[PDB]
Each structure stands twice: as C-alpha cells, then as structure tokens.
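See structure below.
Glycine gets a Cβ as well: all are built from the backbone with ideal geometry, and neighbour counts include every protein chain shown. FYI, it's all coordinate maths here, none of it is from the lab.
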Ligand SMILES: *[C@@H]1O[C@H](CO)[C@@H](O)[C@H](O)[C@H]1NC(C)=O
C-alpha cells in the first residue's frame, strides 16, 4: 500500500469527485487517500491539516490553494521535502518540490490580442489568481503603446455593475477582455445581457480554459463576437470511454456524469495519472519531473521548474451554429490558423 | 344554501383563493356547500355532464370558468333553466342574460392609451384562443381613424419550433421597420414572447411595448427592466389601498402545504375576481334573507328565477378590484383601471381609465 494525501477546500466539490473517481477506477499498489476537507482556505487551518497529514505519514500530497495560503503551503512542501502536485494557478520564480498542472494563459492571450491587432480596450480582472496576467498586460501595453483601462470588480454588486457598464458605454470602448472566476464570469455574462450588449459590434475575449463549460446560447442568438480557449479534447476515444464509464456509476456518489468534464476535473485526473506513473516508475523529485504521459489535456511533460511544456490548446470562436474551432496555440509554433 | 363549482384543470391558485374567501367571509347565520368539480373547460361534453350533475341536486347558483369553445353551451343551458352562472371569465359580446360577469373590458382602454400616445402604423400580435373580440375592434378603429395595422397570429405554434417562430416574427418586423407592438396574450405566452425579445435584443431605447392583459405586475418584468425600451400596461388591483394591504398581510402567512401558493407578494387578477365573487355572492344571499324571501337537464323553470337573478345583479359593494355594481346585463359599469409604466424603478402610476371621463393623466 502506498499512502497519498488529499487536501481540498470549499466550493470545489467536483475536484473531490474527480479525485475519488480517479482513485476508485485506478485501484479497481492500492493508493491510500488521506483526504481532510477544510471549509475556509486560511493559513492556519491549511498548516494544521498539512501537519496532520505529514504526521500520519505521506509520500505525496495533492492539494488546492488560493492567493492567501499558497506561500505557506509551498514553503512547508519545499522545507519538508514532500512533493506537492496541484492544479491551481501557476506561480512565478524558482520553485522546488511543487508540480503545477495548469498551463499558463499569458502567451496565448498575448498572441490572440496581437492577432486581432487592438490598440484600445477594457480589461476586467480579479486578484483571485495573482497579479501575473495584469502585470503582463500592463507591460505589453507599455511596450506597444496601447490604451487599457483595467477595472477591479472583486467587490461589485448588481447596481455597481450596471452603472459601470453604462459609464463604459458612454465612452467608446466596444472591446472587453474578461478574466475572473467561473461564478464571477457567469455574473458578468448574465448582467451584460440585461443592459443589451449581446448584439453585433462587440468582441469579448473569455480568458480561461472553460469556453465550452459555460452557456453562451444567448450570445449565439445575439451574434456578438466571442473568442475563447479550450484545453480538453472531446473527440478522443479516451475521454468518451472515461465519460461513459462515469455514466455507468451511480449519481449518489459521483455527480456530474451528464456533462463533459471541465478543465479542473481533467487537470486533477491527469495529476492522479502522473502520480501513479511516478510511483510505478519508482518501483523499478527527480523521477517525478521526468514523467511524459498522454492525459485528457494532451501531452503532459514538465521542465526542471515543474511548469508545463509541449502543450497544445485550441482557440474557439462563437458563430451562429455554435462554437467553431479556428486554430490552435503551441509554445514552439506560436499561433497556427486554419 | 348550496353553491357549486366548475373550476378548470391546471388552475390551483384560483381554488386556493376560493377557499380563502370561504374562510374569510364567516357566516354563522347561513353556510353554503361548495361541492366543487374539476374538468377541462375546452371539452363541451364534460362541461354539459358536470352542469347536469350540479342541476340534479338543486344547486342555487353555479360558479366556474369557460373559454371561447364552451361559452355558448353554458349560456344556452343557463338561459333555458334560469340558473345564474357567475363567471370571472372574459366578457361575452351581446346581451346574454343570467350570466353575471365580473371582469372589466380591456376594450376602450387600449384605444384610449393608443391615442394619448399619438401613433400611427403600429403592430399588433393577437392570439386565436381568447377570441376575435379585441382584434375586430382594433381593425374597426384603424379603418375609422386611418391607422395602419400589421396583424400577426401568435399562438397555435408547435413547442419544438416556438422559439424559432417567435424569433422569426421579430426578425421579419425588423425588415419592415416597425418599432411599436401591442402584446396581448396570457401570462404563459407573454413571458415567452418577452424572453425571446430579450434574446434578440430590442430592449434598448427606441422600442415601446404595451402589455394588454391587465395584470402587468405578475409577468416577471425584472428581466425587461433596467433597459432602454419603454414598457406600459394596465392594472386592476392596486397594491397600496387599505383593503389590499390588509389582504396581503394575511396572504403570506398561510402555507402551501394546506393552501397552495400564498407565499408571494403578488396575486393574479383572476384569483382576486374569484375572491370578490365569493363576497358578492354571500352578500347577495344575505340581502335575500334580509328581505325574508328539479329533475334532469334533458327534461321547466325552477322556483325563483327573478328572485335570485335580480337580487344578485342589484348588488353594490367594494372589493379589491374596486367598486362592484352590475347593470341590467350583468357587466361592470363603475370600474376604474389604473395606468402604469415601467422605469428603472418599479411600476409607477400614470393615470386611470374610467367610463365617466375618457382618459385621465396624473
Ligand atoms: C419612450 O417614452 C418617452 C417618454 O414618454 C417618449 O418620448 C419616447 O418616444 C418613447 N419611446 C418610444 C420608442 O415610444
């Protein structure tokens, strides 16, 4: 038996569901989960949970973190020589004993805004995933002499949202770039319709990996141009096999067996597969970073710093008949169009 | 005293309002017997069978609903048997005796708001289930006053292609450069129509949408609010009077386990008409007891035709709808209808429509 640790926070029920799915189907060297769910993602509770998991004895911990508790978790993981595989937002700078599965969206977003050749737009953002995207956008705008009006919408309510939208309507902007959480993006999309801006003339850019994970039917009927990114490939027989087997299990324990998996579920499944590959290779840190596998999100391979390399991501546009792929982005070939 | 009922299927709020009216108007001196039935008003055979069953046990008065395909049968049966039938359904056209009607007429108000707003070349989206009694008046008025109508038949639409058809209607009207439409359909239809409007857009400034279904505070305007398009409508139950406030104070208290509904702030106009019907009927029999006054349906008039009909038609009372006093035929004669319009804020009073003065602006 090989012992593994599991750390999860609130409003990530599907993450835990995907983790339990992966563990169940992989075992049926049986893994021994040590999950300890925590409600509030603060430093003290995360530290206590990590201490409990370490005291019980763990070889690798799969956990989730936010802006506040990232530093403590990374510090203890680096200090105690315990590998931590996480699907959360990537960090910056030198990091050790930390493996990150979520690819960085900076390059693809920069390439997309370069392709459409924009010189003035509005950037809506939140600080729930660091300041990397905002800093990169500001640096690029300064280098290329652009005109960006970044507005924080962390503490905005419906009245504030509508008034801000009307004020931005008074000026001629016509181009928005949204980068927020799933719930925040849903709120933005459900209050942009009420004002009456889901009409031809605007071009929104959804900056995430869940373009097909959100409902854009209203925008499809409206005709407003929308462009997003996709990482999970749905025509692969592997994902169809896994999803059909998900249907074959009960819904009382593994909810979500009626929709294609989001980016985070695929990331957690790929992390579990990578960790199992690492154990199997170790049967025959340095070994962890040498893994090269084919997961739901494509090729999985890491450099000496634990960041993603050799990853492909498709770019989708919203048409009258629905989403339509227009090309794909790669690190070595930059943007490729069809 | 026994008073039956022919309430329709798919309607539960009305019958809840009926039982609440039963409870509220307590009567120790006399008590009536509901003996309520339930069937599809669109099928004439069930209606005739239920009417005969009620008539076979000596019911003094019947109270129920009907539609365009069943009003003639009820009228014919009540005419020959002298049994009064109180109905909050749509006003019938022509003098049909022994049918007490408790709904004001939309006609005349839609033609007094379409002229207070000086218009021409408008659009009209009618439905072919309520009846061709409002569209005909609109055509007559347009012919008399040189207006240009563009009639469209909404309804009788397959649910599979309902979205596509409703969207295509607005898409076609966009080609003809029409910006004024007059929606007049039941709540279920108008909700879908405004939803598809918002889906296409058209809720920005430059479009005026009249709702012509009374009500206007129960169609979930929150979706169409906070936009640029104008919204205007008619209302019968004002929500600030002492009587209506007293009603709504006890309306929310009752639970849905025993009394379905009764947890929301607004109530449909039909249920208010039913609740007022309860009171006007109980007081009608009260007046007769103050004055100290059947075989099969396929067989002679029964004991007291005039004594019940005239007494019930000479009532003068005040309820949620306002003044309730019937004329010789049985239709309302002293009703006032509030005018409302939608803004960034909730509905605001603009005036009132009455028989004594054509149109009032306040
Ligand atoms: C909306 O209402 C205003 C104020 O009454 C009026 O001036 C304007 O013409 C209306 N718009 C339409 C499209 O009817």
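Shape class for the stretch A:107-237, computed from the alpha carbon gyration tensor (a ≥ b ≥ c): rounded, with a/c under 1.5.
With R₀ fixed at 56 Å, the C-beta to C-beta distance from residue A:11 to residue B:310 puts the FRET efficiency at about 0.25.
Taking the convex hull of the alpha carbon positions in the stretch B:76-198 and averaging its projected area over all directions gives 9.6 nm². Taking the DSSP bridge list for the protein assembly as shown and keeping only pairs wholly inside it, about 40 percent are antiparallel. Simple spin-label estimate for residue A:248 and residue B:179 gives 6.2 nm between the two label positions (7 Å along the Cα-to-Cβ direction from each Cα). Remark: spin-label model distance residue B:345-residue A:29 equals 7.1 nm, labels positioned 7 Å along the Cα→Cβ axis. Only Cα pairs under 8 Å and 6+ residues apart enter the sum, and on that basis the relative contact order of the stretch B:53-166 stands at 19 percent. With the Cα gyration tensor of the stretch A:1-71 giving a ≥ b ≥ c as the square roots of its eigenvalues, does the rule (a/c under 1.5 for rounded; else a/b larger than b/c for prolate; else oblate) give rounded, prolate or oblate? Since a/c reaches 1.5 but b/c is at least a/b, the shape of the stretch A:1-71 is classed as oblate.
Annotation: the antiparallel percentage among DSSP beta bridges lying fully within the stretch A:118-275 is about 5. Taking the centroid of alpha carbons for each part, the stretch B:241-291 and the stretch B:28-66 are 20 Å apart.
Shape analysis of the stretch B:262-309 places it in the oblate category; the axes a ≥ b ≥ c from the Cα gyration tensor give an a/c of at least 1.5, with a/b not above b/c. Restricting the calculation to Cα atoms, the protein assembly as shown shows an Rg/Rh of 1.10 when the hydrodynamic-style radius is the Kirkwood one. Each stretch of four or more DSSP H residues adds -39500 (n - 2.57); spread over every residue of the protein assembly as shown, this sum gives -11000 deg cm²/dmol at 222 nm. Please state, as a whole number in µm²/s, the translational diffusion coefficient that the Stokes-Einstein equation yields for chain A at 25 °C and 0.890 mPa s, with Rh defined as the Kirkwood radius across alpha carbon pairs. Stokes-Einstein gives a translational diffusion coefficient of 114 µm²/s. Normalised by the number of residues in the stretch B:1-119, the average gap of Cα pairs under 8 Å and 6 or more apart makes the relative contact order 24 percent. A Förster distance of 45 Å, applied to the separation of the beta-carbon atoms of residue A:289 and residue A:158, puts the FRET efficiency at 0.45.
Calculated on C-alpha atoms, the gyration radius of chain B divided by its Kirkwood radius gives an Rg/Rh of 0.98.
FRET efficiency for the pair residue B:28 and residue B:186, taken as 1/(1 + (r/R0)^6) with r the Cβ-Cβ distance and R0 = 56 Å, rounds to 0.90. Taking label points 7 Å from Cα along the Cα-to-Cβ direction, residue B:250 and residue B:361 give a separation of 4.2 nm.
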